[PDB]
$ cat data_17.pdb   # PDB, C-alpha atoms
ATOM      1  CA  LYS A   2     -59.369  48.368 -37.787  1.00  0.00           C
ATOM      2  CA  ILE A   3     -61.717  46.109 -35.659  1.00  0.00           C
ATOM      3  CA  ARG A   4     -61.906  44.097 -32.371  1.00  0.00           C
ATOM      4  CA  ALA A   5     -63.642  40.655 -32.686  1.00  0.00           C
ATOM      5  CA  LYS A   6     -64.720  38.213 -29.949  1.00  0.00           C
ATOM      6  CA  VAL A   7     -65.659  34.929 -31.751  1.00  0.00           C
ATOM      7  CA  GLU A   8     -67.034  31.703 -30.179  1.00  0.00           C
ATOM      8  CA  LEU A   9     -67.912  28.526 -32.102  1.00  0.00           C
ATOM      9  CA  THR A  10     -69.304  25.288 -30.545  1.00  0.00           C
ATOM     10  CA  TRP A  11     -69.781  21.990 -32.359  1.00  0.00           C
ATOM     11  CA  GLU A  12     -72.148  19.348 -30.903  1.00  0.00           C
ATOM     12  CA  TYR A  13     -71.378  15.665 -31.481  1.00  0.00           C
ATOM     13  CA  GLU A  14     -72.610  12.235 -30.409  1.00  0.00           C
ATOM     14  CA  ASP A  15     -69.877  11.015 -28.013  1.00  0.00           C
ATOM     15  CA  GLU A  16     -67.000  12.549 -26.015  1.00  0.00           C
ATOM     16  CA  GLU A  17     -64.435  10.760 -28.193  1.00  0.00           C
ATOM     17  CA  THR A  18     -65.525  12.360 -31.499  1.00  0.00           C
ATOM     18  CA  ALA A  19     -65.388  15.947 -30.019  1.00  0.00           C
ATOM     19  CA  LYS A  20     -61.789  15.036 -28.909  1.00  0.00           C
ATOM     20  CA  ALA A  21     -60.800  13.258 -32.195  1.00  0.00           C
ATOM     21  CA  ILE A  22     -61.747  16.520 -34.006  1.00  0.00           C
ATOM     22  CA  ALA A  23     -60.179  18.997 -31.444  1.00  0.00           C
ATOM     23  CA  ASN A  24     -56.935  16.954 -31.536  1.00  0.00           C
ATOM     24  CA  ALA A  25     -57.147  16.769 -35.409  1.00  0.00           C
ATOM     25  CA  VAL A  26     -57.472  20.607 -35.523  1.00  0.00           C
ATOM     26  CA  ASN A  27     -54.951  21.515 -32.790  1.00  0.00           C
ATOM     27  CA  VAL A  28     -52.242  19.153 -33.894  1.00  0.00           C
ATOM     28  CA  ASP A  29     -50.487  19.097 -37.306  1.00  0.00           C
ATOM     29  CA  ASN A  30     -53.452  20.768 -39.149  1.00  0.00           C
ATOM     30  CA  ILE A  31     -52.337  22.634 -42.332  1.00  0.00           C
ATOM     31  CA  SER A  32     -55.715  24.300 -43.385  1.00  0.00           C
ATOM     32  CA  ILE A  33     -54.796  27.240 -41.142  1.00  0.00           C
ATOM     33  CA  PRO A  34     -51.183  28.492 -41.703  1.00  0.00           C
ATOM     34  CA  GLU A  35     -48.711  29.103 -38.802  1.00  0.00           C
ATOM     35  CA  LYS A  36     -48.668  32.903 -39.466  1.00  0.00           C
ATOM     36  CA  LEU A  37     -52.471  33.104 -38.809  1.00  0.00           C
ATOM     37  CA  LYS A  38     -52.099  30.732 -35.804  1.00  0.00           C
ATOM     38  CA  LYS A  39     -49.390  33.134 -34.422  1.00  0.00           C
ATOM     39  CA  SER A  40     -51.681  36.100 -35.379  1.00  0.00           C
ATOM     40  CA  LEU A  41     -54.493  36.087 -32.745  1.00  0.00           C
ATOM     41  CA  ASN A  42     -55.852  33.927 -29.823  1.00  0.00           C
ATOM     42  CA  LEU A  43     -57.227  30.786 -31.442  1.00  0.00           C
ATOM     43  CA  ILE A  44     -58.298  28.117 -28.967  1.00  0.00           C
ATOM     44  CA  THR A  45     -59.839  24.772 -30.098  1.00  0.00           C
ATOM     45  CA  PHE A  46     -60.660  22.181 -27.366  1.00  0.00           C
ATOM     46  CA  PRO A  47     -63.235  19.504 -26.421  1.00  0.00           C
ATOM     47  CA  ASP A  48     -65.895  20.194 -23.708  1.00  0.00           C
ATOM     48  CA  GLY A  49     -67.440  16.782 -23.169  1.00  0.00           C
ATOM     49  CA  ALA A  50     -69.240  16.075 -26.494  1.00  0.00           C
ATOM     50  CA  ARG A  51     -68.826  19.587 -28.030  1.00  0.00           C
ATOM     51  CA  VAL A  52     -65.585  21.004 -29.591  1.00  0.00           C
ATOM     52  CA  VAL A  53     -65.449  24.657 -28.343  1.00  0.00           C
ATOM     53  CA  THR A  54     -63.453  27.185 -30.400  1.00  0.00           C
ATOM     54  CA  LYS A  55     -62.852  30.696 -29.097  1.00  0.00           C
ATOM     55  CA  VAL A  56     -60.987  33.575 -30.786  1.00  0.00           C
ATOM     56  CA  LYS A  57     -60.161  37.080 -29.575  1.00  0.00           C
ATOM     57  CA  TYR A  58     -59.156  39.297 -32.477  1.00  0.00           C
ATOM     58  CA  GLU A  59     -57.944  42.895 -33.150  1.00  0.00           C
ATOM     59  CA  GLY A  60     -56.760  44.007 -36.588  1.00  0.00           C
ATOM     60  CA  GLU A  61     -58.265  44.019 -40.062  1.00  0.00           C
ATOM     61  CA  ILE A  62     -61.158  41.638 -40.802  1.00  0.00           C
ATOM     62  CA  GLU A  63     -59.106  40.078 -43.780  1.00  0.00           C
ATOM     63  CA  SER A  64     -57.054  37.952 -41.305  1.00  0.00           C
ATOM     64  CA  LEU A  65     -60.126  37.166 -39.185  1.00  0.00           C
ATOM     65  CA  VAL A  66     -62.200  36.078 -42.203  1.00  0.00           C
ATOM     66  CA  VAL A  67     -59.376  33.738 -43.320  1.00  0.00           C
ATOM     67  CA  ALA A  68     -58.573  32.300 -39.830  1.00  0.00           C
ATOM     68  CA  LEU A  69     -62.228  31.111 -39.314  1.00  0.00           C
ATOM     69  CA  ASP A  70     -62.694  30.062 -42.997  1.00  0.00           C
ATOM     70  CA  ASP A  71     -59.494  27.914 -42.474  1.00  0.00           C
ATOM     71  CA  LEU A  72     -60.541  26.557 -38.991  1.00  0.00           C
ATOM     72  CA  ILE A  73     -64.098  25.428 -39.898  1.00  0.00           C
ATOM     73  CA  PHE A  74     -62.495  23.904 -43.005  1.00  0.00           C
ATOM     74  CA  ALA A  75     -59.987  22.168 -40.682  1.00  0.00           C
ATOM     75  CA  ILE A  76     -62.904  20.759 -38.544  1.00  0.00           C
ATOM     76  CA  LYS A  77     -64.648  19.769 -41.838  1.00  0.00           C
ATOM     77  CA  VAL A  78     -61.671  17.700 -43.107  1.00  0.00           C
ATOM     78  CA  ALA A  79     -61.507  16.270 -39.512  1.00  0.00           C
ATOM     79  CA  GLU A  80     -65.129  15.013 -39.503  1.00  0.00           C
ATOM     80  CA  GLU A  81     -64.654  13.800 -43.109  1.00  0.00           C
ATOM     81  CA  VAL A  82     -61.678  11.577 -42.113  1.00  0.00           C
ATOM     82  CA  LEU A  83     -63.268  10.378 -38.786  1.00  0.00           C
ATOM     83  CA  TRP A  84     -66.560   9.312 -40.467  1.00  0.00           C
ATOM     84  CA  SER A  85     -64.926   7.384 -43.434  1.00  0.00           C
TER      85      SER A  85
ATOM     86  CA  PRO B   3     -72.167  17.019 -37.047  1.00  0.00           C
ATOM     87  CA  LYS B   4     -75.305  17.579 -34.793  1.00  0.00           C
ATOM     88  CA  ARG B   5     -75.626  21.432 -34.217  1.00  0.00           C
ATOM     89  CA  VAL B   6     -73.118  24.223 -34.980  1.00  0.00           C
ATOM     90  CA  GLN B   7     -73.804  27.303 -32.752  1.00  0.00           C
ATOM     91  CA  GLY B   8     -71.568  30.295 -33.470  1.00  0.00           C
ATOM     92  CA  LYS B   9     -71.419  33.817 -32.024  1.00  0.00           C
ATOM     93  CA  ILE B  10     -69.462  36.616 -33.673  1.00  0.00           C
ATOM     94  CA  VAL B  11     -69.069  40.068 -32.096  1.00  0.00           C
ATOM     95  CA  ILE B  12     -67.402  42.846 -34.148  1.00  0.00           C
ATOM     96  CA  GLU B  13     -66.548  46.211 -32.487  1.00  0.00           C
ATOM     97  CA  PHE B  14     -66.075  48.934 -35.182  1.00  0.00           C
ATOM     98  CA  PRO B  15     -64.153  52.260 -34.733  1.00  0.00           C
ATOM     99  CA  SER B  16     -67.278  54.494 -34.975  1.00  0.00           C
ATOM    100  CA  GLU B  17     -70.992  54.361 -34.243  1.00  0.00           C
ATOM    101  CA  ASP B  18     -71.520  55.463 -37.879  1.00  0.00           C
ATOM    102  CA  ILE B  19     -69.354  52.604 -39.363  1.00  0.00           C
ATOM    103  CA  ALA B  20     -71.421  50.091 -37.257  1.00  0.00           C
ATOM    104  CA  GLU B  21     -74.671  51.610 -38.763  1.00  0.00           C
ATOM    105  CA  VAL B  22     -73.354  51.648 -42.417  1.00  0.00           C
ATOM    106  CA  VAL B  23     -72.022  48.091 -42.111  1.00  0.00           C
ATOM    107  CA  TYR B  24     -75.277  46.930 -40.358  1.00  0.00           C
ATOM    108  CA  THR B  25     -77.495  48.608 -43.004  1.00  0.00           C
ATOM    109  CA  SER B  26     -75.473  47.024 -45.893  1.00  0.00           C
ATOM    110  CA  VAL B  27     -75.288  43.498 -44.316  1.00  0.00           C
ATOM    111  CA  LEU B  28     -78.964  43.716 -43.278  1.00  0.00           C
ATOM    112  CA  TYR B  29     -80.167  44.160 -46.907  1.00  0.00           C
ATOM    113  CA  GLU B  30     -78.345  40.891 -47.769  1.00  0.00           C
ATOM    114  CA  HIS B  31     -79.554  38.898 -44.719  1.00  0.00           C
ATOM    115  CA  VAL B  32     -83.120  40.152 -45.459  1.00  0.00           C
ATOM    116  CA  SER B  33     -82.729  38.593 -48.930  1.00  0.00           C
ATOM    117  CA  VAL B  34     -80.395  35.504 -48.922  1.00  0.00           C
ATOM    118  CA  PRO B  35     -83.288  33.289 -50.266  1.00  0.00           C
ATOM    119  CA  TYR B  36     -81.339  30.042 -49.905  1.00  0.00           C
ATOM    120  CA  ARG B  37     -81.490  29.434 -46.206  1.00  0.00           C
ATOM    121  CA  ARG B  38     -78.296  27.509 -45.275  1.00  0.00           C
ATOM    122  CA  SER B  39     -79.117  27.728 -41.448  1.00  0.00           C
ATOM    123  CA  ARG B  40     -80.569  30.452 -38.972  1.00  0.00           C
ATOM    124  CA  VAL B  41     -78.521  33.617 -38.295  1.00  0.00           C
ATOM    125  CA  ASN B  42     -80.132  36.316 -36.154  1.00  0.00           C
ATOM    126  CA  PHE B  43     -77.861  39.342 -35.886  1.00  0.00           C
ATOM    127  CA  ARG B  44     -78.334  42.783 -34.271  1.00  0.00           C
ATOM    128  CA  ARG B  45     -76.453  46.114 -33.826  1.00  0.00           C
ATOM    129  CA  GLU B  46     -75.486  46.953 -30.231  1.00  0.00           C
ATOM    130  CA  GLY B  47     -73.997  50.456 -30.456  1.00  0.00           C
ATOM    131  CA  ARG B  48     -70.484  50.480 -31.991  1.00  0.00           C
ATOM    132  CA  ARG B  49     -70.670  46.601 -32.061  1.00  0.00           C
ATOM    133  CA  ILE B  50     -72.461  44.062 -34.325  1.00  0.00           C
ATOM    134  CA  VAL B  51     -73.697  40.797 -32.781  1.00  0.00           C
ATOM    135  CA  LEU B  52     -73.994  37.721 -35.055  1.00  0.00           C
ATOM    136  CA  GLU B  53     -75.562  34.532 -33.791  1.00  0.00           C
ATOM    137  CA  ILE B  54     -75.513  31.656 -36.336  1.00  0.00           C
ATOM    138  CA  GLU B  55     -77.162  28.278 -35.503  1.00  0.00           C
ATOM    139  CA  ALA B  56     -76.081  25.880 -38.335  1.00  0.00           C
ATOM    140  CA  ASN B  57     -76.768  22.191 -39.268  1.00  0.00           C
ATOM    141  CA  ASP B  58     -73.310  21.099 -40.562  1.00  0.00           C
ATOM    142  CA  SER B  59     -69.803  22.547 -41.029  1.00  0.00           C
ATOM    143  CA  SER B  60     -70.427  23.574 -44.699  1.00  0.00           C
ATOM    144  CA  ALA B  61     -73.478  25.561 -43.525  1.00  0.00           C
ATOM    145  CA  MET B  62     -71.335  27.225 -40.792  1.00  0.00           C
ATOM    146  CA  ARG B  63     -68.345  27.992 -43.047  1.00  0.00           C
ATOM    147  CA  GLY B  64     -70.725  29.308 -45.684  1.00  0.00           C
ATOM    148  CA  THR B  65     -72.706  31.577 -43.239  1.00  0.00           C
ATOM    149  CA  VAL B  66     -69.658  32.913 -41.389  1.00  0.00           C
ATOM    150  CA  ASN B  67     -67.888  33.463 -44.736  1.00  0.00           C
ATOM    151  CA  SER B  68     -70.749  35.442 -46.340  1.00  0.00           C
ATOM    152  CA  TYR B  69     -71.664  37.617 -43.308  1.00  0.00           C
ATOM    153  CA  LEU B  70     -68.031  38.572 -42.452  1.00  0.00           C
ATOM    154  CA  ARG B  71     -67.051  39.100 -46.135  1.00  0.00           C
ATOM    155  CA  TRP B  72     -70.139  41.357 -46.537  1.00  0.00           C
ATOM    156  CA  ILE B  73     -68.722  43.260 -43.527  1.00  0.00           C
ATOM    157  CA  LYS B  74     -65.306  43.272 -45.303  1.00  0.00           C
ATOM    158  CA  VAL B  75     -66.816  44.742 -48.560  1.00  0.00           C
ATOM    159  CA  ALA B  76     -68.787  47.330 -46.532  1.00  0.00           C
ATOM    160  CA  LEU B  77     -65.646  48.305 -44.632  1.00  0.00           C
ATOM    161  CA  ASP B  78     -63.494  48.344 -47.866  1.00  0.00           C
ATOM    162  CA  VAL B  79     -65.753  50.719 -49.822  1.00  0.00           C
ATOM    163  CA  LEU B  80     -66.398  52.746 -46.595  1.00  0.00           C
ATOM    164  CA  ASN B  81     -62.655  53.605 -46.413  1.00  0.00           C
ATOM    165  CA  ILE B  82     -61.987  54.336 -50.150  1.00  0.00           C
TER     166      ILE B  82
END
$ encode --input "data_17.pdb" --output "structure tokens"
Amino acid sequence: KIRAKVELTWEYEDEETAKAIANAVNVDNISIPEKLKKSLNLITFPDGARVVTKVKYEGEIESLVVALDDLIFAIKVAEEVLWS
Amino acid sequence: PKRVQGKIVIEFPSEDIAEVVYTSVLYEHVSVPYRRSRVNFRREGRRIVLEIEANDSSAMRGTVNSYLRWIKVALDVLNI
């Protein structure tokens, strides 16, 4: 159906929080399933104090909607654990 | 969670689908009284350009969810 170039950036205080989150999301995160991970180009990584996320999609928006919904949720649970 | 900038670009199969989806998502954006966090979006031909600037992750997830799911509904009905 559609082509979708998505870019998300998350500002933080220090360089170690941006990393704590990007590691938390890239490694052993379960909010996004493996099938969606293996679907299209999802890239989460720190950039100093921001945690840049970039996706390049092609398909039906159903899988796109879910992938982002799952990823922002994955960053959310990541900030929630960090700041506890 | 400082600031949450997000840019979504969606290229649709036709110039008409991009209009229909824009026109249907516009009417929502133009309403949406609760203002979670700023989201200026425009139609650039066959493509739709979304540019959210949110305050937290809940605000981002919420905005992205709504706007893309509105697109989803618009696309769903559009192909029935």
$ resolve_selection --input "data_17.pdb" --expression "the ChimeraX specification (/B :<9) & /A" --output "PDB file with C-alpha atoms, in the coordinates of the input"
ATOM      1  CA  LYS A   2     -59.369  48.368 -37.787  1.00  0.00           C
ATOM      2  CA  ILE A   3     -61.717  46.109 -35.659  1.00  0.00           C
ATOM      3  CA  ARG A   4     -61.906  44.097 -32.371  1.00  0.00           C
ATOM      4  CA  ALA A   5     -63.642  40.655 -32.686  1.00  0.00           C
ATOM      5  CA  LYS A   6     -64.720  38.213 -29.949  1.00  0.00           C
ATOM      6  CA  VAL A   7     -65.659  34.929 -31.751  1.00  0.00           C
ATOM      7  CA  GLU A   8     -67.034  31.703 -30.179  1.00  0.00           C
ATOM      8  CA  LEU A   9     -67.912  28.526 -32.102  1.00  0.00           C
ATOM      9  CA  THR A  10     -69.304  25.288 -30.545  1.00  0.00           C
ATOM     10  CA  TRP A  11     -69.781  21.990 -32.359  1.00  0.00           C
ATOM     11  CA  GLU A  12     -72.148  19.348 -30.903  1.00  0.00           C
ATOM     12  CA  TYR A  13     -71.378  15.665 -31.481  1.00  0.00           C
ATOM     13  CA  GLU A  14     -72.610  12.235 -30.409  1.00  0.00           C
ATOM     14  CA  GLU A  61     -58.265  44.019 -40.062  1.00  0.00           C
ATOM     15  CA  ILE A  62     -61.158  41.638 -40.802  1.00  0.00           C
ATOM     16  CA  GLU A  63     -59.106  40.078 -43.780  1.00  0.00           C
ATOM     17  CA  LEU A  65     -60.126  37.166 -39.185  1.00  0.00           C
ATOM     18  CA  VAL A  66     -62.200  36.078 -42.203  1.00  0.00           C
ATOM     19  CA  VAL A  67     -59.376  33.738 -43.320  1.00  0.00           C
ATOM     20  CA  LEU A  69     -62.228  31.111 -39.314  1.00  0.00           C
ATOM     21  CA  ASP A  70     -62.694  30.062 -42.997  1.00  0.00           C
ATOM     22  CA  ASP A  71     -59.494  27.914 -42.474  1.00  0.00           C
ATOM     23  CA  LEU A  72     -60.541  26.557 -38.991  1.00  0.00           C
ATOM     24  CA  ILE A  73     -64.098  25.428 -39.898  1.00  0.00           C
ATOM     25  CA  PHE A  74     -62.495  23.904 -43.005  1.00  0.00           C
ATOM     26  CA  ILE A  76     -62.904  20.759 -38.544  1.00  0.00           C
ATOM     27  CA  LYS A  77     -64.648  19.769 -41.838  1.00  0.00           C
ATOM     28  CA  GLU A  80     -65.129  15.013 -39.503  1.00  0.00           C
TER      29      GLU A  80
END
$ closest_residue --input "data_17.pdb" --among "A:56, A:68, A:27, A:78" --to "residue 42 in chain A" --atoms "only C-alpha atoms"
A:56
$ atom_distance --input "data_17.pdb" --atom1 "CA of residue 27 in chain B" --atom2 "CA of residue 42 in chain B"
11.9 Å
$ closest_residue --input "data_17.pdb" --among "B:19, B:76, B:61, B:81" --to "residue 37 in chain B" --atoms "only C-alpha atoms"
B:61
$ atom_distance --input "data_17.pdb" --atom1 "CA of residue 45 in chain B" --atom2 "CA of residue 75 in chain B"
17.7 Å
$ atom_distance --input "data_17.pdb" --atom1 "CA of residue 79 in chain A" --atom2 "CA of residue 40 in chain B"
23.8 Å
$ decode --input "data_17.pdb" --residues "range 64-78 of chain B" --atoms "N, CA and C atoms" --output "PDB file, in the first residue's frame"
ATOM      1  N   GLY B  64       0.653   8.869  21.842  1.00  0.00           N
ATOM      2  CA  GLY B  64      -0.710   9.293  21.628  1.00  0.00           C
ATOM      3  C   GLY B  64      -0.903   9.993  20.295  1.00  0.00           C
ATOM      4  N   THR B  65      -0.045  11.017  19.962  1.00  0.00           N
ATOM      5  CA  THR B  65      -0.164  11.799  18.716  1.00  0.00           C
ATOM      6  C   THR B  65       0.032  10.926  17.487  1.00  0.00           C
ATOM      7  N   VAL B  66       1.169  10.218  17.460  1.00  0.00           N
ATOM      8  CA  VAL B  66       1.545   9.321  16.384  1.00  0.00           C
ATOM      9  C   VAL B  66       0.442   8.291  16.190  1.00  0.00           C
ATOM     10  N   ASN B  67      -0.088   7.731  17.301  1.00  0.00           N
ATOM     11  CA  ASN B  67      -1.125   6.713  17.224  1.00  0.00           C
ATOM     12  C   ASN B  67      -2.337   7.232  16.492  1.00  0.00           C
ATOM     13  N   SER B  68      -2.924   8.329  17.004  1.00  0.00           N
ATOM     14  CA  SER B  68      -4.111   8.998  16.488  1.00  0.00           C
ATOM     15  C   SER B  68      -3.956   9.292  15.026  1.00  0.00           C
ATOM     16  N   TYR B  69      -3.028  10.218  14.665  1.00  0.00           N
ATOM     17  CA  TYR B  69      -2.758  10.634  13.287  1.00  0.00           C
ATOM     18  C   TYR B  69      -2.540   9.489  12.261  1.00  0.00           C
ATOM     19  N   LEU B  70      -1.748   8.463  12.594  1.00  0.00           N
ATOM     20  CA  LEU B  70      -1.577   7.338  11.680  1.00  0.00           C
ATOM     21  C   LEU B  70      -2.805   6.433  11.628  1.00  0.00           C
ATOM     22  N   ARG B  71      -3.510   6.229  12.761  1.00  0.00           N
ATOM     23  CA  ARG B  71      -4.717   5.402  12.774  1.00  0.00           C
ATOM     24  C   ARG B  71      -5.847   6.090  12.032  1.00  0.00           C
ATOM     25  N   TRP B  72      -5.873   7.448  12.027  1.00  0.00           N
ATOM     26  CA  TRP B  72      -6.863   8.218  11.272  1.00  0.00           C
ATOM     27  C   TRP B  72      -6.587   7.951   9.823  1.00  0.00           C
ATOM     28  N   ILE B  73      -5.280   7.884   9.446  1.00  0.00           N
ATOM     29  CA  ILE B  73      -4.830   7.609   8.080  1.00  0.00           C
ATOM     30  C   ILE B  73      -5.319   6.222   7.720  1.00  0.00           C
ATOM     31  N   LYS B  74      -5.106   5.248   8.647  1.00  0.00           N
ATOM     32  CA  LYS B  74      -5.508   3.844   8.520  1.00  0.00           C
ATOM     33  C   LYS B  74      -6.992   3.743   8.215  1.00  0.00           C
ATOM     34  N   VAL B  75      -7.871   4.403   9.031  1.00  0.00           N
ATOM     35  CA  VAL B  75      -9.333   4.399   8.843  1.00  0.00           C
ATOM     36  C   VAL B  75      -9.662   4.925   7.454  1.00  0.00           C
ATOM     37  N   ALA B  76      -9.100   6.104   7.117  1.00  0.00           N
ATOM     38  CA  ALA B  76      -9.287   6.777   5.836  1.00  0.00           C
ATOM     39  C   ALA B  76      -8.914   5.855   4.699  1.00  0.00           C
ATOM     40  N   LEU B  77      -7.778   5.168   4.809  1.00  0.00           N
ATOM     41  CA  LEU B  77      -7.346   4.232   3.791  1.00  0.00           C
ATOM     42  C   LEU B  77      -8.267   3.018   3.690  1.00  0.00           C
ATOM     43  N   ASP B  78      -8.739   2.494   4.861  1.00  0.00           N
ATOM     44  CA  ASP B  78      -9.590   1.298   4.994  1.00  0.00           C
ATOM     45  C   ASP B  78     -10.919   1.453   4.256  1.00  0.00           C
TER      46      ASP B  78
END
